[PDB]
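1. 3D model of this:
(one chain, ligands or ions: 1)
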Amino acid sequence: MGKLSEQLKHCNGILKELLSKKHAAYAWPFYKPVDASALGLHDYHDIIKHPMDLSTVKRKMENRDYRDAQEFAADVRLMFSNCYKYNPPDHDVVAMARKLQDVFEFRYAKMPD
Ligand SMILES: CC(=O)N1c2ccccc2N(Cc2ccccc2C(=O)O)C[C@@H]1C1CC1
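-> Numbering: from 1, shown residues only. Now the structure:
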């Protein structure tokens, strides 16, 4: 009934969409934590102090970690910012981040209030 719960439902709906087949062509790099060692990215954790990805956001939502929409949004945007920080701006993953963030921002803006 409460507004914070309603706003978190909206957040959970967004999260579901971001993880859906509809956006999978560009969302997939953000599905799981960056495995720096496996990708040979030995500077990743020197550059990115707070890694974030959609499975972590999903775990946090499932664990009732997010107390409000703003906290949820902060993690999703952190995930995109990390991508923009680490990768040169002309890399394919940055194009995919921008597209997925477009999905996120436009639906997030329809927050019930
Ligand atoms: C989330 C994130 O920033 N990353 C990411 C995360 C998980 C999986 C892949 C990636 N990609 C790689 C990648 C994406 C898309 C298309 C091709 C490639 C390619 O291999 O050239 C890059 C980057 C890595 C930080 C460099």
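2. Using the three-state scheme, assign residue 32.
-> The assignment at residue 32 comes out as coil when based on DSSP: H, G, I helix; E, B strand; the rest coil.
3. Provide a list of residues in contact with the nearest residue in space to it that is not next to it in sequence.
-> Spatial nearest neighbour of residue 32, chain neighbours left out: residue 55 (5.2 Å); criterion: CB to CB, 6 or more residues apart in numbering. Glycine gets a C-beta too; all of them are placed from N, C-alpha and C. Residues touching residue 55, when contacts are defined by CB atoms under 8 Å, 6 or more residues apart in numbering, comprise 31-33.
4. Please, which helix or strand holds the residue nearest the centre of the chain?
-> The centroid of the chain falls nearest to residue 76 when counting by CA atoms, centre = their mean (3.3 Å). When elements are defined using DSSP states H and E, residue 76 is found to belong to helix 69-86.
5. and residue 44, what are its phi and psi?
-> phi -60, psi -50 (degrees, to the nearest 10).
6. mind listing the helices for the chain?
-> Applying DSSP state H to the chain gives helices spanning 3-18, 24-27, 36-39, 44-47, 54-62, 69-86, 92-108.
7. coming back round to it: ok, the residue nearest to the centre of the chain - contacts?
-> By CB under 8 Å, 6+ apart, the residues touching residue 76 are 14, 18, 52, 57, 104.
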